[PDB]
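Worksheet: the structure to be examined is printed underneath.
Protein chains in written order, with UniProt numbering: chain U, 20 to 143; chain E, 102 to 152; chain Y, 205 to 465.
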């Protein structure tokens, strides 16, 4: 945690929140998942119903391009990795409630944090 | 409120109660339950068929 | 691209649109905003002579389908002029109820609203009636933090007027924990209204200040007493002790003494 990894998704969800491409839901994450122009699409697979698990296994791992795997679970902290907070650290007093699994189109951030856990860690 | 993504395995999304064909938009969702009167979502190419 | 079509069928349609009762504006009207050249197509249908139902279904169609750059041109060319004409031509100079709709139906994405309506309005020809009506417009609809702080700072980069002070008060009614640069824009705004030595700051601090400044600065003193630094507290108290209200002034002083950290 005190090293230069894991903190891309913390900030790429700020630089990619600028372009408002966060297709977040059951049916309507497929909006940005009808094409592979999304790049770093986080996912979880553990609540109920066993459906979007099977959807993520096929939209993430189709035989064509766009094949990452960034499984990381526990979506109720993924709001904390998202940008719900307008923190100003001691100022927040705000909507603390959840901001769950994203589909990241239009990155906004450029090779500094992203190549750490995507390129250096996931794809060889 | 949907649990209708029983999908084909490994891994692509090809859907029973087949989808729509139109360049106007994505057209990657179902065309499902109809009863003496149809309603094909979006604005692709009408589709006045029987149920 | 700079071509078009032959018809010239929207004169026949637009003649029908002047007598339109209610419902859904027709299918030939539903295909205008899809074009790149929607601007010249809609001007055939005589937009200045509509009924408010055509205004509702139309504005609902145009705002929710054009891009923010295109809705910027739509609001900037038409709805601003239709707004000021609805103020000026009406003999009560007030808003109709049926002009009490589609407009803040259109506000739920405030980016094209601010680029189209608010930013030309408060910088050109803003007055007390547009601050009362539009002041009632800003508070009732959803707005995130970035548009409120950015448009608020754009209000703070203006000279003094009570109509601007109304919009400043409305944005201070939302009570958001602002980023510190917006806070410093508020402090650096309200500091310059006291009478300084040296020279002149410049003429806006020596004029009389209405009750709306004490109400907005009162609201900032209420909510934002625990988020400003101590030097900002002392400087705003220095502003209060020179330019305070007879009734609101000592209450602003008491709320600034009530703050901490």
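All residues carry an ideal CB built from backbone N, CA and C; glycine is no exception.
**OP:** Within the same chain, show all residues whose beta-carbon is closer than 6 Å to that of residue 114 (chain E), passing over the 5 residues directly before and after it, in chain order.
**Re:** Looking up residue 114 (chain E) in the second chain gives position 13. Take residue 114 (chain E), set aside five residues on each side of it, and the residues of its chain with a beta-carbon closer than 6 Å to its own are 108, in chain order.
Subject >> 8 Å Cβ cutoff, residue 46 (chain U) in contact with chain E >> reply: Translated into the one-based positions of the first chain, residue 46 (chain U) becomes position 27. Judged by the 8 Å Cβ criterion, residue 46 (chain U) is in contact with chain E.
Original post:
Applying the criterion that 16 or more other CB atoms from any shown protein chain within 10 Å of the CB defines a buried residue, is residue 436 (chain Y) buried or exposed?
Top reply: The sequence position of residue 436 (chain Y) within the third chain is 232, counting from 1. Buried, since its Cβ has 16 or more Cβ neighbours within 10 Å.
Original post:
Does the beta carbon of residue 431 (chain Y) come closer than 8 Å to any beta carbon on chain U?
Top reply: In the third chain, residue 431 (chain Y) corresponds to position 227, counting from 1. Chain U contact via Cβ: present.
Original post:
When the Cα atoms are used, what is the spatial distance from residue 216 (chain Y) to residue 242 (chain Y)?
Top reply: The count along the third chain starts at 1 and reaches residue 216 (chain Y) at position 12. The count along the third chain starts at 1 and reaches residue 242 (chain Y) at position 38. For residue 216 (chain Y) and residue 242 (chain Y), the distance between alpha carbons rounds to 17 Å.
Subject >> Distance, residue 110 (chain E) Cα to residue 128 (chain U) Cα >> reply: Taking the first chain and counting its residues from 1, one reaches residue 128 (chain U) at position 109. Taking the second chain and counting its residues from 1, one reaches residue 110 (chain E) at position 9. Just so you know, the alpha carbons of residue 128 (chain U) and residue 110 (chain E) end up roughly 34 Å apart.
Subject >> Residues sharing a beta bridge with residue 75 (chain U), DSSP >> reply: Within the first chain, the letter at position 56 stands for residue 75 (chain U). In the DSSP output, where bridge partners are listed per residue, residue 75 (chain U) has none listed.
**OP:** Could you tell me which chain E residues have their CB closer than 9 Å to the CB of residue 77 (chain U), listed as they occur along the chain?
**Re:** The residue given as residue 77 (chain U) occupies position 58 in the first chain. Proximity of chain E to residue 77 (chain U) at the Cβ level (cut-off 9 Å) is accounted for by 108, 109, 110, 111, 112, 113, 114, in chain order.
Original post:
So who's on the other strand from residue 41 (chain U), going by DSSP bridges?
Top reply: As a position in the first chain, residue 41 (chain U) is number 22, starting the count at 1. U:123.
Original post:
In the segment 362-392 of chain Y, which residues sit with their C-beta less than 8 Å from some C-beta in chain U, listed in chain order?
Top reply: Closer than 8 Å at the C-beta level to chain U, one finds these residues of the segment 362-392 of chain Y: 380, 381, 382, 383, 384.
Original post:
Hey, out of Y:348, Y:284, Y:443, Y:298, whose CA is closest to residue 399 (chain Y)'s CA?
Top reply: Translated into the one-based positions of the third chain, residue 399 (chain Y) becomes position 195. Looking only at Y:348, Y:284, Y:443, Y:298, the smallest Cα-Cα distance to residue 399 (chain Y) is reached by Y:443.
**OP:** May I have the straight-line CA-CA distance separating residue 347 (chain Y) from residue 258 (chain Y), to the nearest angstrom?
**Re:** Reading the third chain from its first residue, position 143 is the one you call residue 347 (chain Y). Reading the third chain from its first residue, position 54 is the one you call residue 258 (chain Y). Going from the Cα of residue 347 (chain Y) to the Cα of residue 258 (chain Y) covers about 27 Å.
Original post:
Cβ atoms of residue 61 (chain U) and residue 116 (chain U): under 8 Å apart, would you say?
Top reply: As a first step, residue 116 (chain U) is located in the first chain; it is residue number 97 there, counting from the start. As a first step, residue 61 (chain U) is located in the first chain; it is residue number 42 there, counting from the start. For the 8 Å CB-CB criterion, residue 116 (chain U) and residue 61 (chain U) do not form a contact.
Original post:
So, is the C-beta of residue 349 (chain Y) closer than 8 Å to a C-beta in chain U?
Top reply: Numbered from its first residue, the third chain carries residue 349 (chain Y) at position 145. Yes, residue 349 (chain Y) lies at the interface with chain U (some Cβ there is under 8 Å from its Cβ).
Original post:
If you measure from the beta carbon of residue 142 (chain E) to each beta carbon in chain U, is any gap under 8 Å?
Top reply: Translated into positions along the second chain, residue 142 (chain E) becomes position 41. No, no contact with chain U.
**OP:** Within the same chain, show all residues whose beta-carbon is closer than 7 Å to that of residue 322 (chain Y), passing over the 5 residues directly before and after it, in chain order.
**Re:** Here residue 322 (chain Y) corresponds to residue number 118 of the third chain, with the count starting at 1. If we look at residue 322 (chain Y) and ignore the five residues flanking it on each side, its Cβ neighbours are 355.
**OP:** Using three-state DSSP, classify residue 229 (chain Y) as helix, strand or coil.
**Re:** Within the third chain, residue 229 (chain Y) is the residue found at index 25, counting from 1. DSSP places residue 229 (chain Y) outside both helix and strand once states are collapsed to three, so it counts as coil.
**OP:** Would you mind working out which of Y:388, Y:244, Y:314 sits nearest residue 214 (chain Y), comparing C-alpha positions?
**Re:** The residue given as residue 214 (chain Y) occupies position 10 in the third chain. Closest option to residue 214 (chain Y), judged by alpha-carbon separation, among Y:388, Y:244, Y:314: Y:244.
Original post:
Within the chosen definition, does the segment 410-424 of chain Y reach the segment 438-455 of chain Y through at least 3 CB pairs nearer than 8 Å?
Top reply: Taking 8 Å as the limit for Cβ pairs, the verdict is that the segment 438-455 of chain Y does touch the segment 410-424 of chain Y.
Original post:
Taking the alpha-carbon positions, what's the residue 125 (chain U) to residue 93 (chain U) distance?
Top reply: Working through the first chain from its first residue, we reach residue 125 (chain U) at position 106. Working through the first chain from its first residue, we reach residue 93 (chain U) at position 74. Taking the straight line joining both Cα atoms gives about 24 Å.
Original post:
Taking Cβ positions, are residue 35 (chain U) and residue 123 (chain U) nearer each other than 8 Å?
Top reply: The residue labelled residue 35 (chain U) in the question sits at position 16 within the first chain. The residue labelled residue 123 (chain U) in the question sits at position 104 within the first chain. Their beta carbons are under 8 Å apart, which means residue 35 (chain U) touches residue 123 (chain U) by this criterion.
Subject >> Continuous alpha helix (DSSP H) stretch holding residue 242 (chain Y): start and end >> reply: Taking the first residue of the third chain as 1, we reach residue 242 (chain Y) at position 38. 242-246 is the span of the alpha helix (DSSP H), which, as asked, contains residue 242 (chain Y).
**OP:** Could you pull out every residue in the same chain whose Cβ sits closer than 6 Å to the Cβ of residue 330 (chain Y), ignoring the five residues on either side in sequence?
**Re:** As a first step, residue 330 (chain Y) must be located in the third chain, where it is residue number 126. Same-chain partners within the cutoff: 367.
**OP:** Could you tell me if residue 139 (chain E) is buried or exposed, where buried requires 16 or more neighbouring beta carbons within 10 angstroms of its beta carbon?
**Re:** Translated into positions along the second chain, residue 139 (chain E) becomes position 38. Exposed, by the Cβ-count rule.
Subject >> Own chain partners of residue 375 (chain Y) with C-beta closer than 6 Å, once the 5 adjacent residues on each side are dropped >> reply: Stepping through the third chain from its first residue, residue 375 (chain Y) is reached at position 171. Taken in chain order, the residues that qualify are 352, 356.
Original post:
Is residue 107 (chain E) helix, strand or coil when you go by DSSP?
Top reply: Taking the first residue of the second chain as position 1, residue 107 (chain E) is located at position 6. Annotated three-state conformation of residue 107 (chain E) is coil, per DSSP.
Original post:
Mind checking residue 68 (chain U): buried by the 16 CB within 10 Å criterion, or exposed?
Top reply: For the purposes of this step, residue 68 (chain U) is taken as the residue at position 49 of the first chain. By the beta-carbon neighbour count (other beta carbons within 10 angstroms, threshold 16), residue 68 (chain U) is exposed.
Original post:
Using 8 Å as the limit for Cβ to Cβ distance, is residue 131 (chain U) near chain E?
Top reply: Here the question's residue 131 (chain U) lines up with position 112 in the first chain. Among the residues facing chain E, residue 131 (chain U) is not included, as its CB has no counterpart in that chain under 8 Å away.
Original post:
Going by the beta-carbon positions, is the gap between residue 132 (chain U) and residue 37 (chain U) smaller than 8 Å?
Top reply: Here residue 132 (chain U) refers to the residue found at position 113 of the first chain. Here residue 37 (chain U) refers to the residue found at position 18 of the first chain. No.
Original post:
Count the other CB atoms within 10 Å of the CB of residue 121 (chain E); is the residue buried (16 or more) or exposed (fewer)?
Top reply: Numbered from 1 along the second chain, position 20 holds the residue referred to as residue 121 (chain E). Counting Cβ neighbours within 10 Å, residue 121 (chain E) comes out buried, since at least 16 surround it.
Original post:
With a cut-off of 8 Å, does the C-beta of residue 207 (chain U) fall near any C-beta of chain E?
Top reply: Examination of residue 207 (chain U) is not possible in this model, given that chain U is present from 20 through 143 alone.
Subject >> Top-ranked residue by Cα proximity to residue 232 (chain Y), from Y:221, Y:225, Y:240 >> reply: As a working mapping, residue 232 (chain Y) is identified with position 28 in the third chain. Residue 232 (chain Y) has its Cα closest to that of Y:221, out of Y:221, Y:225, Y:240.
Original post:
Is the beta carbon of residue 384 (chain Y) sitting closer than 8 Å to the one on residue 107 (chain U)?
Top reply: Here residue 384 (chain Y) is taken as the residue at index 180 of the third chain, counted from 1. Here residue 107 (chain U) is taken as the residue at index 88 of the first chain, counted from 1. Yes. Within cutoff.
Original post:
So is residue 148 (chain E) buried or exposed if we call it buried at 16+ other beta carbons inside 10 Å?
Top reply: Start at 1 with the first residue of the second chain, and residue 148 (chain E) comes out as number 47. It is exposed - the Cβ of residue 148 (chain E) has fewer than 16 other Cβ atoms within 10 Å.
Original post:
Which residues of chain Y have a Cβ atom closer than 9 Å to the Cβ of residue 111 (chain U), listed in chain order?
Top reply: Reading the first chain from its first residue, position 92 is the one you call residue 111 (chain U). Within 9 Å Cβ-Cβ: 381.
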